[PDB]
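# whatever this is, show me its structure:
(4 chains, ligands or ions: 1)
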Amino acid sequence: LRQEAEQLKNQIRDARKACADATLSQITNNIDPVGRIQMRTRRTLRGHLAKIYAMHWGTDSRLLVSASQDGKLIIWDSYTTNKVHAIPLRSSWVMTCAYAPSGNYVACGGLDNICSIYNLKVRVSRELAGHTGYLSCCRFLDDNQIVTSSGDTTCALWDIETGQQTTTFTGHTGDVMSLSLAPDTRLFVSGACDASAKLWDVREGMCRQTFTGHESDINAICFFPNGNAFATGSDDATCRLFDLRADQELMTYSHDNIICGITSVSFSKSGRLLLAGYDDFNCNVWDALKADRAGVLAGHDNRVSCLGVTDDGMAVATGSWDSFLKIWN
Amino acid sequence: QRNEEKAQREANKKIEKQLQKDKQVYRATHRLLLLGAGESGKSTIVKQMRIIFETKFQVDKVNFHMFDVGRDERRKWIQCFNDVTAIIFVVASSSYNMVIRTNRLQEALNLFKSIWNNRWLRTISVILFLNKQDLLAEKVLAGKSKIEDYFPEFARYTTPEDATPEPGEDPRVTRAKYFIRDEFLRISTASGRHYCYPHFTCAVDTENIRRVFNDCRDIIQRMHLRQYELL
Amino acid sequence: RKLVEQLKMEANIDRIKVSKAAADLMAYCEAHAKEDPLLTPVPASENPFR
Amino acid sequence: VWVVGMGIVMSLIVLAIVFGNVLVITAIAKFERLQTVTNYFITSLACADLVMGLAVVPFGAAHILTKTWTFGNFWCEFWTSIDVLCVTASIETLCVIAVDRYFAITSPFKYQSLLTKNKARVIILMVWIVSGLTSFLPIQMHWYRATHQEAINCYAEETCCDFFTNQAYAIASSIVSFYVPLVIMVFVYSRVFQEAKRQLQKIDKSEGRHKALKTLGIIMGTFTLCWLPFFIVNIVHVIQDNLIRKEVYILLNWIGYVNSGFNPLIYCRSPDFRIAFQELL
Ligand SMILES: CN[C@@H]1CCc2c(ccc(O)c2O)[C@H]1O
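Numbering: from 1, shown residues only, chains lettered A, B, ... in the order given. For reference, the structure is listed below:
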């Protein structure tokens, strides 16, 4: 029974150990440091009532979407600070939000177990339901497909018109809390309450790889722009960068001073900077190749809950529990 | 041209006015949470209060919202409820003998320990309800399951003379109920931002709404007093 | 159950030396470094927010 | 020697008032987390204390040290008006803060709807309007001047400029500025202390197994022992008496002045205020 599983685990551990010739730090020790980075709050939105939970930049580098515990989903224009739209949610709690690349649809879902989707040309076009538990994160593959992460330890791939789960990516111990998409639509990964963070293929529907190798409670995942690597934030103080081709770890971003975990992780456009929000009121940035902190961002009144870097790389927007979204450049 | 900017500013002004109205409507509404076991009888308390499931009731022109999260052993949605005035906790005081393949009451005590010593909700009080008081009285009077069989602390436990009991006409059920209350009280006191408010209630009783109203009022008063440093 | 089959499928996969992957990531970061406005200097006129 | 020593004390008082009130105003304005319903009243009190400490304390010190007033008669009237306005506004804002505290404690459910940003702004505007009326209207219109020959000679004199007032204006200014706020403050703080004692008794009974007295004591002490003697001497000297010398009157007035510098270090003792001050400095 479990003997085969133990043998397989030993085999994969041996393969990972054999494949690890020289660590990333060993190669990167001869690379110029990024140096100190000064980030200033260019514009503060401050148009929210309660603590906000998640945000998502639009395909254009301007528009925003933020969801708060007040139950109101407000679309924000970063350049002008004017509120383009304010779509109330039937559920008072919205655990996440998403902006479609088309821009004609916005999805927000929370503890209601329904991934409500709004049409911007603001009415609920279709509400997708079928998850046993709460939702954690939603992303748009296209204008007609959306992948949701549920508290039932399953991730699903929906179709808007059909309204049914096209594929269910079962096989996870803990509840998934965050997922990210590859630059292409073929692959996407997620990390659960269990330390395991697995890679999935939207076509096959099977977990191609499983990394884990973390303490507990992975809370945020982002893709390196190249798509060959992804970084996981966890309730442990450390933040790690994995690797799909090597199927193992590369570097661990930990500091003695920090004792809180991670809440959101997002790379820069070039991938050199790994911006990671913290349970502490201030966000931290890391040199993705040197594993050295570059500069602490300004703090909010409460803990941060989301990060987002523009598709053009213009600025990074962080929204905390203080109901304030502070665009940083 | 500037016409688009003017239209966007007008839309922003309208949205801001609607947001201000919504803030005025919402800041006066108090949020409560139901966190009870499946066998704890939370349905009876919900029915009493009405007379994710959201229940809205108004007492003395004050609006309340009551949210029940509905296994979920690893409670990660608890951190979401940080703005609620109080957390309504329901535990069946008659479920001491019931055993889960650890007594159910001990499981409720562990759940209360987990809730109390939570980093995210450290300023959220707990309103405690103990349903099935009649069932507990019947179990104690019958003696089929000795109270000391599962709880060894009953050997040295004595009834508190300070606490005046209800006219239950039996010292034994009174001692058992007060021991069950004192377990939760000790667990809560082991940790002064938030307080625990035990209550002995029965399914027949319908005065729980006034109890919740008064307790929430006292919670807000204590929060304000500690904010101004008078307590 | 199916866990054994999933583990067996996961075990059989082609892997590359971690040095090659680290070198590829470093090469990508060096090649696309100039594109990122956050890492590189941002002109006052270029910055849409100021 | 005595005048040289008196200069150090006055300069220290002016510097302390200015520094404390500037720090409080900067902490309230710079950080958006400090802004609140009651912090609007706190910053109004800080602004009043700052303007009084910047305007009238240095000029009063210059008057007392040099024993003569160099500036013009109109400027002396302006200085007196600014002094009365600032003192009245400060004490009225103390009363308003106490009323807000009482309404937040004894009426918790209705507190959120009763007080809002618009309501706080309206209340502060009304306080400043009534203070400006009570100060400027009877001063610039020559209503407060007395019928004594000495008062007329002092008013006509250019250099010497002391304070001479009618019995009616002195009584009205005292009752508007201190006495009515004193009664309101005592009533609301008695009710708040009763509520706190009830809550402490209930918490002691329920849990089984003070601070409110000390806080109310320090607040009421630093208000009363600072302002009440001057505002009883005002009525005494106005109402058929000659035992109040100029030195006693000025000493009590300056005690009332230093009350303004004492206020911020007790009305901004919150941990959030301490953290904001640490961040600023
Ligand atoms: C500069 N001396 C003035 C004269 C009278 C007066 C003061 C303060 C508050 C009042 O309500 C007053 O009527 C004193 O500060």
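
# and whatever helix or strand residue D:92 lives in with the ligand, contact?
If you go by DSSP states H and E, residue D:92 is part of helix D:73-106. Yes. Using CB under 6 Å from any ligand atom, helix D:73-106 reaches the ligand at D:80, D:83-84, D:87-88. Placement of C-beta: from N, CA and C, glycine included.

# any buried residues in that helix, and which?
Going by neighbour count (16 or more other CB atoms under 10 Å in any protein chain shown), the buried part of helix D:73-106 is D:76-102, D:104-106.

# follow-up on the earlier one: which of the residues of helix D:73-106 next to the ligand sits closest to residue A:88?
In terms of CB to CB, no member of the residues of helix D:73-106 next to the ligand lies closer to residue A:88 than residue D:88, at 47.1 Å.

# which residues sit in contact with that closest one?
Residues counted as contacts of residue D:88 (CB atoms under 8 Å, 6 or more residues apart in numbering or on different chains) are D:130-131, D:134-135, D:173, D:176-177.

# do residue B:115 as well
B:35, B:78, B:87, B:89, B:121, B:126.

# of those, just say which sits nearest to chain A.
Proximity of those to chain A (CB to the nearest CB) peaks at residue B:78, which lies at 11.3 Å.

# what about the host helix or strand of residue B:63, near chain D?
Using DSSP H and E, residue B:63 falls within strand B:62-68. Yes. Where contact is defined by CB under 8 Å from any CB of the partner chain, part of strand B:62-68 touches chain D, namely residue B:62.

# returning to that earlier point: which SSE is immediately downstream of the helix holding residue D:92?
Helix D:73-106 is succeeded, C-terminally, by helix D:111-114 (DSSP H and E).

# who does that following helix touch, helix- and strand-wise?
Counting contacts by 3 or more CB pairs under 8 Å, 6 or more residues apart in numbering or on different chains; DSSP states H and E, helix D:111-114 is packed against helix B:3-27, helix D:73-106.

# ok now it, how far from the chain's centre?
Counting by CA atoms, centre = their mean, to the nearest Å, helix D:111-114 is centred 26 Å from the centre of its parent chain.

# just the CA trace of that helix, in PDB.
Only the C-alpha atoms of helix D:111-114 are listed here, as PDB (Å, rounded to 0.1, in the frame of the first residue of the first chain):
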ATOM      1  CA  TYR D 111     -23.000  57.400  19.000                       C
ATOM      2  CA  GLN D 112     -22.100  56.400  15.400                       C
ATOM      3  CA  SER D 113     -25.100  58.200  13.900                       C
ATOM      4  CA  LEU D 114     -25.000  61.200  16.300                       C
END
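
# show residues contacting it.
Residues outside helix D:111-114 that contact it (CB under 8 Å, 6+ apart): B:24, B:27-28, B:224, D:103-104, D:107.

# now the residues you listed as CSV including distance to residue A:142?
Formatted as CSV, the entries for those read as follows, by distance: CB to CB, whole Å:
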residue, distance to residue A:142
B:24, 41
B:27, 40
B:28, 43
B:224, 52
D:103, 56
D:104, 53
D:107, 55
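
# please enumerate the strands of chain B.
Secondary structure of chain B (DSSP state E): strands located at B:29-36, B:53-59, B:62-68, B:86-90, B:125-129, B:196-197.

# so which bits of the longest one are buried?
When you say that, I think you mean strand B:29-36. Buried residues in strand B:29-36 (16+ other CB under 10 Å): B:30-36.

# before we move on, the earlier item: now distance to residue A:51 too, for the helices and strands packed on helix D:111-114, in CSV please.
Formatted as CSV, the helices and strands packed on helix D:111-114 follow (distance: least, CB to CB, whole Å):
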stretch, distance to residue A:51
helix B:3-27, 13
helix D:73-106, 23
